[PDB]
Amino acid sequence: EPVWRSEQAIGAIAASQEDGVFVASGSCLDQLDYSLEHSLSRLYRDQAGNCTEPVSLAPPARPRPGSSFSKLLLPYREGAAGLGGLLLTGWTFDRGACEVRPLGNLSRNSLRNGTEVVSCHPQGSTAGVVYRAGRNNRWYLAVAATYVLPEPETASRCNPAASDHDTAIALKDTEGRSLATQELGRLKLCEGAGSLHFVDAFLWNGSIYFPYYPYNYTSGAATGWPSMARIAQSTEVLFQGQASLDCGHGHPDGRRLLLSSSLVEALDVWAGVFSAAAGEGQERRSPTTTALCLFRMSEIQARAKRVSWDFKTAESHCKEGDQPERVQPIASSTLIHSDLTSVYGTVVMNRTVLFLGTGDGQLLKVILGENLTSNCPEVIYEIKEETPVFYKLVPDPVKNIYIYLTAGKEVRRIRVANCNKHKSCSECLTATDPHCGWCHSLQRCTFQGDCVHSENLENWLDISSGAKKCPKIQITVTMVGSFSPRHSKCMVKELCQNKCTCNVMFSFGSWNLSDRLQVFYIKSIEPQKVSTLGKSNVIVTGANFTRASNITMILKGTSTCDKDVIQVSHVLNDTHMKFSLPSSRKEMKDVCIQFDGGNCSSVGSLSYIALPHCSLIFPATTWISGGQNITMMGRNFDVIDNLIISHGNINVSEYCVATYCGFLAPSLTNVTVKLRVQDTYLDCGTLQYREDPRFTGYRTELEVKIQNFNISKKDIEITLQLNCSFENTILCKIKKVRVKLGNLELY
Ligand SMILES: *[C@@H]1O[C@H](CO)[C@@H](O)[C@H](O)[C@H]1NC(C)=O
Ligand SMILES: *[C@@H]1O[C@H](CO)[C@@H](O)[C@H](O)[C@H]1NC(C)=O
Ligand SMILES: *[C@@H]1O[C@H](CO)[C@@H](O)[C@H](O)[C@H]1NC(C)=O
Ligand SMILES: *[C@@H]1O[C@H](CO)[C@@H](O)[C@H](O)[C@H]1NC(C)=O
Ligand SMILES: *[C@@H]1O[C@H](CO)[C@@H](O)[C@H](O)[C@H]1NC(C)=O
Ligand SMILES: *[C@@H]1O[C@H](CO)[C@@H](O)[C@H](O)[C@H]1NC(C)=O
Ligand SMILES: *[C@@H]1O[C@H](CO)[C@@H](O)[C@H](O)[C@H]1NC(C)=O
Ligand SMILES: *[C@@H]1O[C@H](CO)[C@@H](O)[C@H](O)[C@H]1NC(C)=O
């Protein structure tokens, strides 16, 4: 689990074919080894050495588009004959400058500079892709960006000249001086829809696609349909069409933000993570706001009509004609989810694998079925801090069993398949994980490369064989399935034979095997933040809760995973009933309640929550007398059942909200406190108890002298304006006097 922590939040990341992993964090761009251990080299773009962000960037609402300083960062020409690869990096600084440079030692001279290539607005979108075009097949760079943002301050003037005001897509040339854009190599804009935010750019079937969506950077709300603009893969912009993408299924007003994109290459299927406006961070965060939608590139390629809806065309006016066709996703695959942030699709052993990154630090992968039907996603890796996953996942190019998860300011290299939990064949083959296969020589569920050391390929049994094709005992007893060796020995108890041979045992040269109608009203439901371990007692308040025999609660979190259907635990007062929810995965499940018979009554959202990890303990030491409200800062404290103080246990109260919570130190000594939730106990540092401090008094004004404890004003009560400092004793001054400290009251 090798991690690389930057200092400022990651702005971009790419992975070269053989030159390491480039990560653009703040003002500086680092290159690392594929193990993310040592920054082989580093470039400073703004000022030497000091690579702090010149200005402050507000990390906005997870649905809202982020902001960074490194707009473009993409390697190309790599794997050439003799020409070392190139890296094209474009920054916000210097009017959106962009430099080509040698892919490798970063501190080498930039070959060609260039200005106004990428958007110079830190929150403006930019997405680029290089390709081959021209009579001599030069390397061009198609860049779609938000050049003009209506936020120019008279100090510095980013927004390009009045001629290039409405420019969205430009076909730069990586050879010409300063990356020159032709006259016709640019795609104009319609000035009505607010701005456009481009998410991606990729090549498919001789064309470039730019998935975007209209957007109001001032307001923060999408102002139209997420769309895809399709351009001919040439030297001059040949606008070939534009098509809206309709992924608002399962949500009232629809999903109009495009959070991330990825083209599943060998499948010709685009895969996009859409979301609806989730208020301010998480206030309208519903169980169905985000949705992974899969589109057939053929349908987008066919349905995109050249209409002047968002981009100026030479044959119409802005929104004075047709409206763009709405392309419908592959219906059997759309995966709804409360918080999705990024997607990356690939194909392994002729099976689509879509890794997804959720807004709470989960990387979970789905494996599409036969007719591209999605399975319920397995959670691969979880970030302990639940930081929203950066919207791009990059697969390790040199070892195809890794992927580089970026989150906040930390990058890490995580395997793509958590197949160590499978202990048998069936566990390894019914899960239908394409990366994982059973291994006889090791008798373990593992990757391919980790067990193809014996040259007989059938040693590592994969899924394409089928789950039934592992060895088993057959009755006249024999071995069935696919074994590695053709020589074994059978022994039953007590006939034995050898080899393909004949309690039961089949032993091989490397392994072995052995076997011997009224109304119904719902006031509310509490709590609404159940920890992942479930909750034994969920109280639903309402009315007439006794006029029914079979009352059920149905929770649905993920449009692919099944539903949690439960019966009422013990029907209390006709106004109150009580349920018991089981363990699940971190999610925000919808809760309907269906009585004896009828439609579900959607009581409201109900969010499972990660276990409470304990960050810090504010005082961290108090007098053996105690009584000081120790404050604990952490995450997900609202779901805490209660607290334990183990040394003998001591029950103590709690006064808490989501992130932090306090409690009077009751020990009356190094004690360990533990959050208990649903019969489980997690640790929280250690509180130490020492003797009460000694005092000396003097004197409007009052001066006191005391010989570890971090005493502060609200801790002390002096009745007749405290200010203290250590001078060694330690003197504290305030302008029949009484002083209360914890539980000790004296003078
Ligand atoms: C780095 O540069 C930024 C420019 O805004 C400045 O605010 C910061 O103090 C500098 N830090 C150091 C260590 O030079
Ligand atoms: C990169 O080039 C500089 C320039 O001399 C050199 O000092 C440095 O050692 C080089 N680093 C690598 C990793 O090639
Ligand atoms: C920008 O372009 C000029 C023109 O060649 C060059 O001198 C300068 O080094 C370039 N800047 C960077 C950061 O490469
Ligand atoms: C939406 O965009 C328009 C044009 O950019 C702008 O005038 C308007 O102020 C934006 N919305 C809000 C609420 O400001
Ligand atoms: C590729 O583009 C051509 C150009 O018209 C089109 O006819 C063809 O259908 C496209 N390929 C696919 C798989 O749709
Ligand atoms: C019903 O009993 C529960 C406890 O079992 C209590 O909290 C609630 O207030 C009671 N409601 C009525 C209407 O009696
Ligand atoms: C010292 O006391 C202050 C007073 O609030 C507290 O915030 C802090 O956590 C204590 N411990 C330190 C500074 O190590
Ligand atoms: C301790 O502090 C918390 C918040 O910091 C507060 O809610 C709690 O009531 C305090 N306890 C005492 C005994 O002052």
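This entry lists cryo-EM as its structure determination method and reports a resolution of 3.1 Å.

## Description of the state of the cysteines
Under the criterion given, the structure shown has 13 disulfides. A sulfur-sulfur separation of 2.0 Å characterises the disulfide bridge that pairs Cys 439 with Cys 451. Handedness of the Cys 439-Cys 451 disulfide follows from its S-S torsion of about -75°: it is left-handed. On the criterion of sequence distance, the pair formed by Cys 439 in strand β30 (residues 437-439) and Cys 451 in the loop between β31 (444-446) and β32 (460-461) is long-range, its members being twelve residues apart. Of the two residues examined, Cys 439 and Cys 451, each falls in the buried class. In this model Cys 592 forms its disulfide with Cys 600; the gap between the sulfur atoms is 2.0 Å. Among the residues examined, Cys 592 registers a relative accessible area of 9% and is labelled buried.

## What to know about the sheet that holds strand β43 (residues 564-567)
An order of β40-β46-β45-β42-β43 is seen for the five strands of this open sheet, with the pairing classed as mixed. Edge positions in the sheet fall to β40 (529-531) and β43, since each of these pairs with one other strand and no more. Recorded for the sheet is a direction-independent mean angle of 30° between the axes of neighbouring strands. Judged from the three bridges that link them, β40 and strand β46 (residues 601-609) form a sheet pairing that is parallel.

## Here we look at the UniProt feature "disulfide bond" in the protein chain
Here the bond UniProt gives for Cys 190 and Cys 318 holds up, since the two sulfurs are only 2.0 Å apart. Taken together, the residues span a long stretch of sequence, with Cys 190 in the loop between β12 (181-188) and β13 (195-198) and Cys 318 in the loop between α2 (297-303) and β21 (326-327) at a distance of 128 residues. Under the relative-accessibility criterion, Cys 190 is labelled buried at 1%. The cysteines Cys 439 and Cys 451 that UniProt joins by a disulfide are bonded here; their SG atoms are 2.0 Å apart.

## Here we look at the site of ligand 6
Lining the immediate environment of ligand 6, one finds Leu 572, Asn 573, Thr 575 and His 576. A distance of 2.3 Å separates an oxygen atom of ligand 6 from a polar side-chain atom of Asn 573. Taking 360 Å² as the accessible area of ligand 6 by itself, protein coverage stands at 40%. Within the shell around ligand 6, the residues separate by chemical class into one nonpolar, three polar and no charged.

## Things to note about the site of ligand 1
Inspection of the region around ligand 1 gives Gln 47, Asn 50 and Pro 54 as its neighbouring residues. Here an oxygen atom of ligand 1 and a side-chain polar atom of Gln 47 are 3.4 Å apart. Between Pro 54 and ligand 1, the recorded distance is 3.0 Å, taken from a backbone N or O atom to an oxygen atom. Alone, ligand 1 offers 360 Å² of accessible surface; in the complex the protein occludes 38% of this.

## Here we look at the pairing of strand β53 (residues 670-677)
Bridge analysis of strand β50 (residues 642-646) against β53 gives five bridges, and the strand direction is antiparallel. For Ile 645, the partnering residue across the bridge sits in β53 and is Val 673. As paired strands, β53 and strand β54 (residues 680-690) are joined by seven bridges and run antiparallel to one another. Bridge pairing in β54 links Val 673 to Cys 684. Where β53 folds back onto β54 in an antiparallel hairpin, the turn is made up of two residues, including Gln 678, whose phi is positive at roughly 45°.

The rules we used
- Residues numbered from 1 in each chain as written, not as in the entry; some residues may be left out.
- Chains lettered and ligands numbered in written order.
- Part of a larger assembly, values for the part shown.
- Heavy atoms only, no water.
- Residues with missing side-chain atoms left out of burial classes, pairs and counts.
- Disulfide = S-S within 2.5 Å.
- Helix = DSSP H or I, 4+ residues; strand = E, 2+ residues; numbered from the N terminus.
- Buried < 20%, exposed > 50% of the residue type's maximum accessible area, 1.4 Å probe, protein only.
- Pairing = 2+ DSSP bridges.
- Axes fitted to C-alpha atoms, helices over the stretch in contact; angles between N-to-C directions.
- UniProt positions renumbered as here; feature names shortened; annotations may be inferred.
- Near = heavy atom within 4 Å.
- Polar contact = N/O pair within 3.5 Å; in protein donor to acceptor, adjacent residues only side chain to side chain.
- Areas by Shrake-Rupley, 256 points an atom, 1.4 Å probe, with all protein chains shown as cover.
- Nonpolar A, V, L, I, M, F, W, Y, C, P; charged D, E, K, R; others polar.

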